[PDB]
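Engineer: build me a structure from this.
(one chain, ligands or ions: 14)
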Amino acid sequence: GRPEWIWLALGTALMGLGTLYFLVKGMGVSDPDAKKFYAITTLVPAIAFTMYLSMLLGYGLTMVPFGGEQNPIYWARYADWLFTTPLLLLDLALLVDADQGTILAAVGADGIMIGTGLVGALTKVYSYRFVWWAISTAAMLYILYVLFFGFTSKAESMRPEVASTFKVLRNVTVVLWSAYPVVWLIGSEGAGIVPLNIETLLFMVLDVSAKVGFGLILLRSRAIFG
Ligand SMILES: *C/C=C(C)/C=C/C=C(C)/C=C/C1=C(C)CCCC1(C)C
Ligand SMILES: CCCCCCCCCCCCCCCC
Ligand SMILES: CCCCCCCCCCCC
Ligand SMILES: CCCCCCCCCCCC
Ligand SMILES: CCCCCCCCCCCC
Ligand SMILES: CCCCCCCCCCCC
Ligand SMILES: CCCCCCCCCCCC
Ligand SMILES: CCCCCCCCCCCC
Ligand SMILES: CCCCCCCCCCCC
Ligand SMILES: CCCCCCCCCC
Ligand SMILES: CCCCCCCCCC
Ligand SMILES: CCCCCCCCCC
Ligand SMILES: CCCCCCCCCC
Ligand SMILES: CCCCCCCCC
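Structural biologist: Numbers count the residues shown, from 1 in each chain. Ligands and ions are numbered 1, 2, ... in the order given. Next up is the structure itself:
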């Protein structure tokens, strides 16, 4: 009966349909390189579907006391993001032939970003919630820096069509990811200005764009073929 349920339902639908479509297209292709991108990219909305569905059915929500009140916090989001965000990075890394060490560092930073975001989301001392938020944001900015400078440098050694597809996906990633810390800061987890129903709408748009939108761009490109 929670007012945000409608956006959880729509999120479930869009992630489910995205997953099914990517699976149908992916199962059809024979190229080994393209199959790898399909496998990674189909798994992303599949995981998001399972977590959206879990939240829709009333799981992954806990009450956290801070600022003198009991606050509803969706922790299931972090279980989704812990796996889906590095998978998205791996898609980008494979496109540009990024170094193994660069991948390890980016994925490591991503784990820090999600883990500290979750710790912040669960923290009972109000001021300290924002310390964890700041650490998580710093880790995110490391990732965006590496994507923008490092991965782009690697992309420039690829065929222009691969570099071009990478730049579109890079741009989508920078724009969408950079919004998440702001939604958290102003929403249910942070300042409590934006109500949970609207916050859930915002994360749904961001999530669907970052997974299904991203995947549509990637999987329709010739860049994924060996
Ligand atoms: C499919 C889901 C995606 C692409 C989610 C990306 C999520 C982030 C970039 C979240 C970053 C966060 C911070 C920068 C600090 C506050 C808490 C986190 C998890 C929301
Ligand atoms: C050579 C040096 C250094 C670097 C670094 C700086 C810092 C900072 C921050 C942040 C963030 C994107 C941050 C990107 C991109 C689109
Ligand atoms: C209340 C709603 C959420 C709903 C929806 C949908 C199911 C997916 C329909 C697929 C039509 C293309
Ligand atoms: C319902 C499905 C989502 C699934 C798929 C993913 C990919 C499996 C990886 C194994 C192939 C290397
Ligand atoms: C009185 C103050 C405590 C203050 C503040 C702040 C530091 C904000 C820096 C954010 C780092 C990303
Ligand atoms: C009374 C003060 C405490 C002060 C100040 C602040 C600034 C912290 C800057 C941290 C940047 C990462
Ligand atoms: C190999 C472990 C990954 C760590 C990558 C470096 C950096 C950053 C930090 C996040 C920061 C606050
Ligand atoms: C396009 C940005 C408009 C955002 C307006 C935010 C406002 C809030 C609040 C007043 C609140 C209690
Ligand atoms: C309790 C609530 C109603 C509230 C308010 C406000 C502001 C959210 C608008 C910001 C969306 C970008
Ligand atoms: C009270 C209306 C219940 C409808 C739930 C639909 C969610 C399933 C995703 C399509
Ligand atoms: C096509 C996507 C199927 C995913 C199966 C996992 C369902 C578990 C939801 C709780
Ligand atoms: C009392 C607030 C002190 C904040 C310490 C933040 C240090 C973390 C840097 C990684
Ligand atoms: C109450 C006003 C808040 C509604 C803004 C939500 C717009 C989301 C579109 C991305
Ligand atoms: C992985 C980063 C650990 C930093 C802990 C700082 C604790 C702040 C209260």
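Engineer: going forward, measure contacts and count neighbours with C-alpha atoms only.
Structural biologist: Noted.
Engineer: what sits against the closest residue to residue 196 other than its chain neighbours?
Structural biologist: In this structure, residue 196 finds its nearest non-sequential neighbour in residue 188, 5.7 Å apart by C-alpha to C-alpha, 6 or more residues apart in numbering. By C-alpha atoms under 8 Å, 6 or more residues apart in numbering, the residues touching residue 188 are 71-73, 194-196, 199.
Engineer: 10 Å instead, please
Structural biologist: Residues counted as contacts of residue 188 (C-alpha atoms under 10 Å, 6 or more residues apart in numbering) are 71-74, 121, 194-200.
Engineer: setting aside sequence neighbours, what's the nearest residue to the closest residue to ligand 11 within the chain?
Structural biologist: Nearest to ligand 11 in the chain, going by C-alpha to the nearest ligand atom, is residue 50, at a distance of 4.4 Å. Distances taken as C-alpha to C-alpha, 6+ apart place residue 12 nearest to residue 50, at 7.8 Å, with adjacent residues excluded.
Engineer: which stretch of helix or strand covers that neighbour?
Structural biologist: helix 5-28 (DSSP states H and E).
Engineer: now residue 201: how far from residue 208?
Structural biologist: 11 Å (C-alpha to C-alpha, to the nearest Å).
Engineer: what do these two both touch?
Structural biologist: 10-11.
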